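Undergrad: Would you mind keeping the following structure in view while I ask a few things?
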Amino acid sequence: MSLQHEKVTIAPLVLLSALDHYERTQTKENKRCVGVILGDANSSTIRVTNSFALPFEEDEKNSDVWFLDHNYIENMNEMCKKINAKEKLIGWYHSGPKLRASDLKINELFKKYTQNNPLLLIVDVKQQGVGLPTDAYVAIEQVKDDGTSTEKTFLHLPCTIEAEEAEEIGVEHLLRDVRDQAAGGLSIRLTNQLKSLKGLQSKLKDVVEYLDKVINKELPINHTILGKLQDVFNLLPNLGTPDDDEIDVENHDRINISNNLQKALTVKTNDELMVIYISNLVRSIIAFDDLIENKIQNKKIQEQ
Amino acid sequence: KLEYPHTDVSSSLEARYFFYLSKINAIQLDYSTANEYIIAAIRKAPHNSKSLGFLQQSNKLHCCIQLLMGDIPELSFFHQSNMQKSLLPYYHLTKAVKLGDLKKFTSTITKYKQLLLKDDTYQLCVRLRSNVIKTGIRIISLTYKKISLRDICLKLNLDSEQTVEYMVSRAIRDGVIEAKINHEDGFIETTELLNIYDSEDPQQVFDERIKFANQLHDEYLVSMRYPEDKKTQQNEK
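Residue numbers (full-length UniProt numbering), protein chains in the order written: chain A, 1 to 304; chain B, 256 to 492.
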């Protein structure tokens, strides 16, 4: 297979075309649809260039009973190679909004079809998460904590958007909103700072409830999540160390640069005030000159 | 009751108000609040031979408010004054307080008693008697960090060890001198040790300046448009 597949670059086409597949088959209300994702691979950066529906069927009696059509897959590959020689099999999207354990079995089909570990792409089309509209997952095999076997699992990777050139042009054009975040003026970033804080708290909350549930409601102890928290606590700045004390001194120094900068604009303003009080002075002269001139024109009619 | 207006007010009119504010707050034993006003008063007022009276009296009051703090006016003030031959008892006030000498002070307010009493400034000159000692002990805190109680009593001409110790304690209740007494070893230790850029206070010092620059930013914008409404309505060719 392939080992390098670490970051997943995602065209803006992909999120919109998966969205369209869901609603143009009238699969809704958690009837899932499976389509392929084509693109390039065999390398760290994974580009999903194009996406298309496949035929799929699902059962609600046992959930590990399904139909996937292989014959359509064969025909798709033939057709699209000619369109672009940049579309080859790189995995499959799963339409979401959630990861199933049934997607573990469906994955073994796509692992056979293409010699790379196949990307599972969750396209959240129901958008109940404020972040992550795309999640990227590559199924891998690893030996699993608490004395347990080599188990099949899905490991999350970066699910980034960076966009293609092609894509950028339609994206900005359709856009006519001031964007969720753009980070332009000071107004946008003052909003952003406060948004970030709500952001930090929301992730952290779910973690509180995980630790509670290990010791009260017996979900199995996964030492990777406990270990990450150790690392979090060792990169936590401690007050009264030399590192923290420095932060305080630097705040005085940056605020000295700001103090001066605010005063250097009073100078700019002060130039304007004088230019307007000069302008007003000229309008005065103009006004008097006309009042004199009406007499000269009154006199000219009597004169002649 | 805070009912003074600021809409129709004038250069003279606001200079006058502040002078009243000075005079009240000084004699009420708060010289920081008094000094705030007097500086404002000189500032608003024009500088003319027709403003001479107003300026003349503003200067007289200013020196004493400052002397009462224990901070001293500079020699160039009086020297380059065209108003210097009426500020001559006031110049001697500056020198006498600074040099810390009890007997010069005594002579000054007795020699120039009619002068001080005419102008009504004689009452603030009484509290400047205290400042002779206070200013002299201050110089000593700057010049010497550790000094025996004995040496201090010779310098200002005081009788007992006990006398200096009553004076110094009161003086550092106000925080003028900036020391602490050690009558466990019989010397006075100076406590000024700086390290003010290593405190948390500097952010706070900049914040007031920033706030004053915002005040001019508002005052510019609102003022500018006020003649201009009328001026665009005014007839023109």
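We put the CB at the ideal spot given by N, CA and C, even for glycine.
According to DSSP, simplified to helix, strand and coil, what is residue 308 (chain B)?
TA: Residue 308 (chain B): helix per DSSP, three-state reduction.
Undergrad: Starting from residue 67 (chain A), follow its DSSP beta bridges and name the residues at the other end.
TA: Note: residue 67 (chain A) sits in a beta bridge opposite A:57.
Undergrad: Over the uninterrupted beta strand (DSSP E) stretch that includes residue 347 (chain B), give me the two end residues.
TA: Per DSSP, residue 347 (chain B) belongs to no beta strand (DSSP E); it is in the alpha helix (DSSP H), 343 to 354.
Undergrad: Short check: CB of residue 351 (chain B) to CB of residue 365 (chain B), under 7 Å?
TA: Their beta carbons are not under 7 Å apart, which means residue 351 (chain B) does not touch residue 365 (chain B) by this criterion.
Undergrad: Comparing alpha-carbon positions, which option in A:184, A:38, A:211, A:115 lies nearest residue 80 (chain A)?
TA: For the residues A:184, A:38, A:211, A:115, the minimum Cα distance to residue 80 (chain A) belongs to A:38.
Undergrad: Taking a Cβ distance cut-off of 7 Å, strictly less, list which residues of the region 461 to 476 of chain B are near chain A, in chain order.
TA: Cβ contacts with chain A: 461, 464, 465, 468, 471, 472, 475.
Undergrad: If you draw a straight line from the C-alpha of residue 86 (chain A) to the C-alpha of residue 98 (chain A), how long is it?
TA: Looking at the two C-alpha atoms, the distance is approximately 29 Å.
Undergrad: Are the Cβ atoms of residue 7 (chain A) and residue 160 (chain A) separated by less than 7 Å?
TA: Going by C-beta atoms, residue 7 (chain A) is nearer than 7 Å to residue 160 (chain A).
Undergrad: Judging by CA-CA distance, which residue of A:104, A:216, A:237, A:210 is the nearest neighbour of residue 224 (chain A)?
TA: Out of A:104, A:216, A:237, A:210, A:210 has the C-alpha closest to the C-alpha of residue 224 (chain A).
Undergrad: Counting contacts by CB-CB distance shorter than 7 Å, is residue 122 (chain A) in contact with chain B?
TA: No - not a single Cβ of chain B is within 7 Å of the one on residue 122 (chain A).
Undergrad: Give the residues from the region 263 to 288 of chain A that approach chain B closer than 9 Å (Cβ to any Cβ), ordered along the chain.
TA: Correct list: 263, 265, 266, 269, 270, 272, 273, 276, 277, 279, 280, 283, 284, 286, 287.
Undergrad: Taking C-beta pairs closer than 8 Å, name the residues in chain A that residue 489 (chain B) reaches, listed in chain order.
TA: The contacting residues are 283, 284, 287.
Undergrad: Consider the C-beta atom of residue 292 (chain A) and the heavy atoms of the ligand MN; say whether any pair is separated by less than 6 Å.
TA: Absence of the ligand MN is noted for the structure shown, with no ligands found whatsoever.
Undergrad: Of the residues A:5, A:36, A:27, which one's Cα is nearest the Cα of residue 14 (chain A)?
TA: That would be A:36, whose Cα lies nearest to the Cα of residue 14 (chain A).
Undergrad: Pull up the DSSP beta-bridge partners for residue 52 (chain A), would you.
TA: For residue 52 (chain A), which the question treats as bridged, DSSP gives the partners A:36.
Undergrad: Under a CB-based cut-off of 7 Å, is residue 42 (chain A) close to chain B?
TA: Cβ-Cβ to chain B under 7 Å: no for residue 42 (chain A).
Undergrad: Assign residue 41 (chain A) to one of two classes, buried (16 or more other C-beta atoms within 10 Å of its C-beta) or exposed (fewer than that).
TA: Buried is the call here.
Undergrad: For the region 248 to 258 of chain A against the region 159 to 177 of chain A, do three or more pairs of beta-carbon atoms, one drawn from each stretch, fall closer than 8 Å, so that the two count as touching?
TA: No, because fewer than three Cβ pairs between the region 248 to 258 of chain A and the region 159 to 177 of chain A fall closer than 8 Å, the two stretches do not touch.
Undergrad: Got a sec: is the Cβ-Cβ distance from residue 259 (chain A) to anything in chain B below 7 Å?
TA: Output row for residue 259 (chain A): interface = yes.
Undergrad: May I ask you to verify whether the region 291 to 303 of chain B touches the region 327 to 334 of chain B, counting CB pairs closer than 8 Å and requiring at least 3?
TA: As far as the Cβ criterion goes, the region 291 to 303 of chain B does not touch the region 327 to 334 of chain B, which means the pair count is below three.
Undergrad: Output, in sequence order along the chain, the residues in the region 120 to 148 of chain A whose CB is closer than 7 Å to any CB in chain B.
TA: From the region 120 to 148 of chain A, no residue has a Cβ closer than 7 Å to chain B.
Undergrad: Which stretch, first to last residue, makes up the alpha helix (DSSP H) that contains residue 138 (chain A)?
TA: From DSSP, residue 138 (chain A) is part of no alpha helix (DSSP H) but of the beta strand (DSSP E) over 134 to 143.
Undergrad: Could you name the residues of chain A that residue 458 (chain B) contacts, counting a contact when the two beta carbons are closer than 9 Å?
TA: Result: 248, 251, 252, 255.
Undergrad: Give the straight-line distance between the Cα atoms of residue 480 (chain B) and residue 299 (chain B), rounded to the nearest whole angstrom.
TA: For residue 480 (chain B) and residue 299 (chain B), the distance between alpha carbons rounds to 23 Å.
Undergrad: Who pairs with residue 403 (chain B) in a beta bridge, going by DSSP?
TA: DSSP output for residue 403 (chain B) lists B:442 as bridge partner(s).
Undergrad: Is residue 48 (chain A) buried or exposed, if buried means 16 or more other CB atoms sit within 10 Å of its CB?
TA: Buried.
Undergrad: Return yes when the Cβ of residue 19 (chain A) is within less than 7 Å of the Cβ of residue 171 (chain A), no when it is not.
TA: In this structure, residue 19 (chain A) does not lie closer than 7 Å to residue 171 (chain A) by Cβ.
Undergrad: Interface residues of chain B around residue 290 (chain A) at Cβ under 9 Å?
TA: Result: 490, 491, 492.
Undergrad: Just curious, the beta strand (DSSP E) that residue 451 (chain B) is in, first and last residue?
TA: That residue, residue 451 (chain B), is in no beta strand (DSSP E); it is neither H nor E in DSSP.
Undergrad: Could you check what DSSP says for residue 6 (chain A) in three-state terms: helix, strand or coil?
TA: Coil.
Undergrad: Would you be able to state if there are at least three C-beta pairs under 8 Å between the region 341 to 359 of chain B and the region 313 to 322 of chain B?
TA: Verdict: yes, contact present.
Undergrad: Taking the DSSP output, what are the residues bridged to residue 465 (chain B)?
TA: DSSP output for residue 465 (chain B) lists no bridge partner at all.
Undergrad: Since I believe residue 220 (chain A) is in contact with residue 135 (chain A) (beta carbons under 8 Å), could you give me their beta-carbon distance rounded to a whole number of angstroms?
TA: Incorrect: roughly 22 Å between the Cβ atoms, too far for contact.
Undergrad: If you draw a straight line from the alpha carbon of residue 492 (chain B) to that of residue 167 (chain A), how long is it in whole angstroms?
TA: When rounded, the distance between both Cα atoms is 57 Å.
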